[PDB]
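Residues per chain, in single letters:
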Amino acid sequence: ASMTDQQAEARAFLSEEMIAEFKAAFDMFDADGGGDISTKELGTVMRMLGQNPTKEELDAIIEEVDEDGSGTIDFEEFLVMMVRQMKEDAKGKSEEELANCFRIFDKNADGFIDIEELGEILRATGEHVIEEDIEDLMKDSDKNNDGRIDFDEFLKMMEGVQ
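Parameters and conventions
Residues numbered from 1 in each chain as written, not as in the entry; some residues may be left out. Heavy atoms only, no water. UniProt positions renumbered as here; feature names shortened; annotations may be inferred. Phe/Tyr/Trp six-rings, centres within 6.5 Å; stacked < 30°, edge-to-face > 60°. Helix = DSSP H or I, 4+ residues; strand = E, 2+ residues; numbered from the N terminus. Buried < 20%, exposed > 50% of the residue type's maximum accessible area, 1.4 Å probe, protein only. Domains from an automatic or database assignment. Contact = heavy atoms within 4.5 Å. Buried area = accessible area lost by both parts, 1.4 Å probe. Salt bridge = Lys/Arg side-chain N within 4 Å of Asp/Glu carboxyl O. Polar contact = N/O pair within 3.5 Å; in protein donor to acceptor, adjacent residues only side chain to side chain.

- For the protein, the PDB entry supplies the name TROPONIN C and the organism Gallus gallus.
- According to the UniProt record, the Function comment for the protein is "Troponin is the central regulatory protein of striated muscle contraction. Tn consists of three components: Tn-I which is the inhibitor of actomyosin ATPase, Tn-T which contains the binding site for tropomyosin and Tn-C. The binding of calcium to Tn-C abolishes the inhibitory action of Tn on actin filaments."
- UniProt, in the comment section headed Sequence similarities, describes the protein in these words: "Belongs to the troponin C family."

Structure, rendered in C-alpha cells:
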C-alpha cells in the first residue's frame, strides 16, 4: 500500500462502522467486479435502473474520480467521494435565503458588496465607528482579500453574526 496520502486521510474520516454501511451501496455497483468497480460493471448497474449510458462515456466518469491515476473505481475511491461532500463550507453554499440578503447589501446591483456601500450603511446607524476599524474588519473577514465581499465569503459572513 503506497502513494496513499489523500486516501489514508479520507479513509480514516469514516470508522469501520461507517465503512460497513458504505460497503452496502458500494457492493451494488460492484455486481460483477471484485473489491473495485470498473467501466463495464458501471454500465450494467445503470441499465438496472433503466438508463442505457455509453461505455466510453462511463470511462470518462471514472477518469475524473481517478485523482491519482488508477483507471477503475476502488473501495477507498468510493469512500473519498463521501469525504468530498461533507465539506460543511460547500454544504451552506446552497443558501438561497443568503443570496436575497446578499443582493440587499449591493444597492448598486454589481454582484458583490463594496466597502463604500457597507461603510455608509454601517455608519447610518449613528454609532461613533472609526473607518480604521471598518476598513480592517473587511480585510480581516476576507482570508484572500480581493477588495469586495462575494456570495462565497457571504456564507461565513452570515454564518455566525453574534
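1. Section: the packing of aromatic side chains
Stage number 1. Scanning the entire structure with this criterion turns up seven aromatic pairs.
Stage number 2. Seen in terms of ring centroids, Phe26 and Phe75 are 4.8 Å apart; in terms of plane orientation they differ by 65 degrees. Their pairing is edge-to-face. Residue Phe26 is located in helix α2 (residues 16-29), and its partner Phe75 is located in helix α5 (residues 75-83); the two are separated by 49 residues in the primary sequence. The two residues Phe26 and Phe75 agree in class, both being buried.
Stage number 3. Seen in terms of ring centroids, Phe26 and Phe78 are 5.5 Å apart; in terms of plane orientation they differ by 50 degrees. Their pairing is tilted. Remark: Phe78 occurs in helix α5 and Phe26 occurs in helix α2; sequence separation between them is 52 residues.
Stage number 4. Residue class for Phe26 comes out buried when judged on its relative accessible area of 5%.
Stage number 5. By relative accessible area, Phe78 is classed as partly exposed at 22%.
Stage number 6. What links up through ring pairs into an aromatic cluster is the set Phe102, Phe105, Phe151 and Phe154.

2. Some details on the domain arrangement of the protein
Stage number 1. Per the domain assignment, the segments of the protein are domain 1 (1-88) and domain 2 (89-162).
Stage number 2. Centre-to-centre separation of domain 1 and domain 2, based on C-alpha positions: 39 Å.
Stage number 3. Listed per partner, the contact involves four residues of domain 1 and four residues of domain 2.
Stage number 4. Between domain 1 and domain 2, roughly 330 Å² of surface is buried when both sides are summed, and carbon and sulfur atoms account for 41% of that area.
Stage number 5. Three residues, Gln85, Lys87 and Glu88, lead the burial of domain 1 against domain 2; their summed loss comes to 90% of the area buried on that side.
Stage number 6. Run the count over domain 1 and domain 2 and you get zero salt bridges.
Stage number 7. The interface formed by domain 1 and domain 2 contains seven residue pairs in polar contact.

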